[PDB]
Every structure is written in structure tokens, then in C-alpha cells.
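Shown next as C-alpha cells: one chain only, the form deposited in one PDB entry.
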């Protein structure tokens, strides 16, 4: 169809190797699928690269215009935000993960009783939105149940950004010159709605901070408002309201669809291997049963963690990392000048036959169950679930626990199967990998071990 462009890039990769140039007219793109070269760009010589095309496109959509900002502004804000995601914060977020997942479970119980089919991708999107809003700026979207102005303003921003997501493979369409004016206006309206909502949250929290008798420190957390926003305001760092709003927006977007896609593809993947569902159930039944998981449970949910590890391998979010050279460099042996637009295919890295045995196989036990958890260091940049180098994910522990909690709880409560006559599960791509027409599943209440024998009348 209008295939996810990383599929053609995979085929081209098998032929042409870990670095090749894609030419189309007077413009070209470098496609990097070599772990060493990816490590060079992302980590060893990261300072020679910007986010190029992706940054420019994203800035335009978000109202920041066509002038690339000083990169040191973000480096500064990132340094300020990272400490907010400390050990104690992540532990407190586990509770939020549990209750939010339970709300989804309530929705699933209802659908199961009525024997209805569910579209899981949509539901995972609502769940993770509710989580990130609460976690980041202490707001309850309640998108699992409602569709409000701000909820719709978020998805309008999302849909628009994804529609502008860059692909080096030409498609059949009318140029969008005619569309710039109306699209930017519609988006601007949605952004103002979100920003006004954020403004009310900033003000509310500033007030809570002034009235506090708490010393700020690296492990600071007001227990009544443990959000990142609260941490940032208790810091005393001088930041404009515009910048702070922009930061909250960044993490909302970074932390929403990412986890939703990971849950979606994990559950798709689970349908393809019943024996994996078996091991998963066995662990969850033993370790947590019906309990909301706690920080101590995370170490013990080993097989669940690996399932997530393996899902992110087969379906990376995003499947491509965009860069642009801003200085001279050598990629392997190949000299390059400033101005090269580069696509690092995480999809190719993760599924490379040269670096993975049975690359297309869903096998959570390809990394020893009791060994170390796989990461970009571990796997020599053949595995990049959370990126690598200075621009890597800052929500990686947050998101790992979020998804382990969600998977574990759901797998405890329900049996999931591909619905009869459900649409085929195909991919579209952007910031994350979406399904083409949803993930339609049959959900039934699971008969748990140690259930009391039941007898209908």
C-alpha cells in the first residue's frame, strides 16, 4: 500500500549495506544501518549533528517558526529536567501506572461481559495519555472515558505532526503549499487550548510551592503533587512561562504515543506466540497475582521485562532517527561534509541478520532471563530502544516500568486473541509505529489459578 517507508529501507539495506545514499532529484538522504556508524553519530561524535529536518518540521508545527533555536537552550533545559525523574519519583509513579491500568481493566471487564471486541491501540493511547499528563504536570485527562477539548487538541497536534513526518520515499499526493495556511491555523488553535490549560497548571503549582516548607534537593518530591512540573518549580531555576510550557509539551508528546505503541505491538506480538503468553501468565500469577505491582516487583517481573525488551526490538519507537551533519565527519571510511540529511534505521539495526539470530522471531529469551537487561551499551548499538548518546530518552526507566506494569496487570486479568474478521495488522509510521486499521481483539476474563470452582444455575 502506502507502505511504512522503513520496509523499503530494509530491503535496500540487505542489498547495499549499513550505509548508502538515496537519491531523488537534486536531493539525497544517507541511510545508516551500521551499529558502529550509528554509535559514531549518536554518541562518539554527537556534537557534529543536529536533528535537522525533524527539528525544523516539528518547530513549524509547534508555532516556533522557521528559525532553528539555539541548541544550548535545550541542553540547559534537559539538564534541569533529568533530575526530576529520580529513583523516588519513578517509584511513586508505579502507583499511578497501576491505578490507570486498572481503569483500562474496568473498561475491558465491561467489554468482556458484553462479549464485545476491543480496538486495543486506541485504548492504549488513552491509557498512556492519562498517565503522562498526571506524571508530568499533575493533570487528569481522563481520556479513557472522555473526549474533551484539550484531549482533542492534543490529538489534533498529534495527527498533524504525524502527517508531516518525513519520508524519503515519494508518494502520490497534491503538494501541501495550498494547505500550509489552514493547517497552521487549526493547529495553532489546538496549541493555545493546551497552553491555556498548562498556564492554569503552572499558576496553581507556583502557589503550592510558595506555601511549601520543603527544601529543594536531588530527591525532592512533594507527595501531594509529585509531578515533574512541581519539581521544576521547586528548583528555583529562572525560566519563562513560554519555555516551561514548551518543556511540558515536549514530555507530553515524548511520553504519550511511544508507550501506547509499545503496548499495542507487544499485545500484537503476544497473539503470535501462545507459549510466550503461557510463560508470561505463569510469572504474573506467581509474582503479583491481582496486586497492583510495586517498585519491589519490578526486579521480579523478569519475563515481563524481556517481553517488553523484545517488543521494542521488533517495533522501535521511532523506527528511524533523523540527524543532520553540522560539521565534517567520517562515517566508517566515507568522508562527509556539513549538510547531509541522515536516517538511522533503528528498524534495520534491530532486525539485522548480521547481528541477531532469528531476527524476525518473537523470542523474549534471546537475552538470558537472569542476565543484565539489554541496552545500547550491552548490545553495541545494535539495540536502541531508548536511543543513545546525549540526545537519548530521559524517560527510559519511567517508560520501562509503565509498560511492565500495564502488560503484567492486563495479562493477569484477560485472554487476548485476534478478533474473527479483524482487519489485517499493517503499519503506518511517524514519531511512532501505528497500525493501519487498529488492533481488534477478543477479550475474555481469564480463569486464574486458585479460582474457586464455579457453578452456574
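Between two forms, the rigid core is the largest collection of C-alphas that superpose within 1.5 Å. Only residues modelled in both forms are compared. Numbering follows the first chain given and starts at 1.
One more form of this protein should be noted, the form deposited in another entry, which is absent from this view; the next part is about it.
Please say whether, between the shown form and the other one, the C-alpha of residue 448 moves by 2 Å or more once the core is aligned. Yes; residue 448 is a residue whose C-alpha shifts (by 2 Å or more) between the shown form and the other one when the cores are overlaid.
For residue 83, is the C-alpha shift between the shown form and the other one 2 Å or more after core superposition? Stays below the 2 Å threshold, so no.
Does residue 60 shift between the shown form and the other one by 2 angstroms or more at the C-alpha, the core having been superposed? The answer is yes, as the C-alpha of residue 60 shifts between the shown form and the other one by 2 Å or more after core alignment.
Check residue 287 against residue 448 at the C-alpha atoms and report closer or farther in the other form, compared with the shown form; the change is 3 Å or more. Distance between the C-alphas of residue 287 and residue 448: longer in the other form, by 3 Å or more.
Cα-Cα shift for residue 450 and residue 280, closer or farther in the other form, minimum 3 Å: Note: Cα gap between residue 450 and residue 280 widens in the other form.
Spell out which consecutive segments of 3+ residues have Cα shifts of at least 2 angstroms at every position between the shown form and the other one, with the rigid core used for superposition. Shifted runs of three or more residues, which all move 2 Å or more: 60 to 71, 182 to 186, 447 to 457.
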